[PDB]
Amino acid sequence: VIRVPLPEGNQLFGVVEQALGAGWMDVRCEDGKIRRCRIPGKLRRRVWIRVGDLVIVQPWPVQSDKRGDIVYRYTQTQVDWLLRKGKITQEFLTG
RNA sequence: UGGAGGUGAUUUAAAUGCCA
Ligand SMILES: [Mg+2]
């Protein structure tokens, strides 16, 4: 079929509202809480993360409130390709 | 040969740079 990072293991999905900066990414997840993410040492070179962008993140189990870690960003090729299959519906990005 | 002072002048606008 295809190779995409689905929710496999303990991943999350991350769509930020506004970046406070300095690494911390502020995401409006549908988990319920306001979450704040940080970046590992491999992806601060080739890519670009902005508000209006959907990515997959990975949390740590602490406090289930403010978690997340960037492990993969989504391209203009797959962001809306993950729509018809309904793995995410876009009613949680503007309303 | 090579130096130390002084007096004059010197012209539109013209910002910023992943990451091994
Ligand atoms: Mg001038």
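So, here's what we can say about the structure. (Residues numbered from 1 in each chain as written, not as in the entry; some residues may be left out. Chains lettered and ligands numbered in written order. Part of a larger assembly, values for the part shown. Heavy atoms only, no water.)

**Looking at the overall build of chain A**
Piece 1. When its secondary structure is counted, chain A shows one helix and five strands.
Piece 2. Along chain A, from the amino end to the carboxyl end, the secondary structure elements read β-β-β-β-β-α.
Piece 3. By the compact-globule yardstick of 12 Å for 95 residues, chain A fits well, its C-alpha radius of gyration being 13 Å.
Piece 4. Reported as C-alpha extents along the three principal axes, the dimensions of chain A are approximately 35 × 30 × 25 Å. (Helix = DSSP H or I, 4+ residues; strand = E, 2+ residues; numbered from the N terminus. Rg over C-alpha atoms; globule rule 2.2 N^0.38 Å.)

**Here's the deal with the packing of aromatic side chains**
Two descriptors summarise a pair of aromatic rings, namely the distance from one centre to the other and the angle between the planes of the rings.
Piece 1. Scanning all chains against the criterion turns up two aromatic pairs.
Piece 2. Aromatic pair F13 and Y74: ring centres 6.4 Å apart, planes at 40°, arrangement tilted. Pair noted here: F13 is in strand β1 (residues 12-15) and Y74 is in the loop between β5 (70-73) and α1 (81-84), with a separation of 61 residues, a long-range link.
Piece 3. Given a relative accessible area of 8%, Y74 falls into the buried group.
Piece 4. Ring centres of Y72 and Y74 lie 5.5 Å apart, and the angle between their planes is 80°; this geometry places the pair in the edge-to-face category.
Piece 5. A relative accessible area of 31% places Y72 in the partly exposed class.
Piece 6. Following the ring pairs from residue to residue traces out a cluster consisting of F13, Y72 and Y74. (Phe/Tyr/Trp six-rings, centres within 6.5 Å; stacked < 30°, edge-to-face > 60°. Buried < 20%, exposed > 50% of the residue type's maximum accessible area, 1.4 Å probe, protein only.)

**Comments concerning the pattern of salt bridges**
Piece 1. Going through the model one piece at a time under the given rule, you end up with three salt bridges.
Piece 2. Between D26 and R36 there is a salt bridge; the shortest N-O distance is 3.6 Å. Pair noted here: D26 is in strand β2 (residues 25-28) and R36 is in strand β3 (residues 34-37), with a separation of 10 residues, a long-range link.
Piece 3. Under the relative-accessibility criterion, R36 is labelled partly exposed at 28%. (Salt bridge = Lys/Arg side-chain N within 4 Å of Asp/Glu carboxyl O.)

**A look at the sheet that holds β5**
Piece 1. What the three strands build is an open sheet, ordered β1-β4-β5; its pairing is antiparallel. Strand pairing shows two members of the sheet lacking a second neighbour, β1 and β5, which therefore form its edges. Ignoring strand direction, the axes of neighbouring strands in this sheet form an average angle of 35°.
Piece 2. Here strand β4 (residues 54-57) runs beside β5; their pairing, made up of three bridges, is antiparallel. Bridged to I56 within β5 is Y72. (Pairing = 2+ DSSP bridges. Axes fitted to C-alpha atoms, helices over the stretch in contact; angles between N-to-C directions.)

Just distances and angles here, no functional claims.
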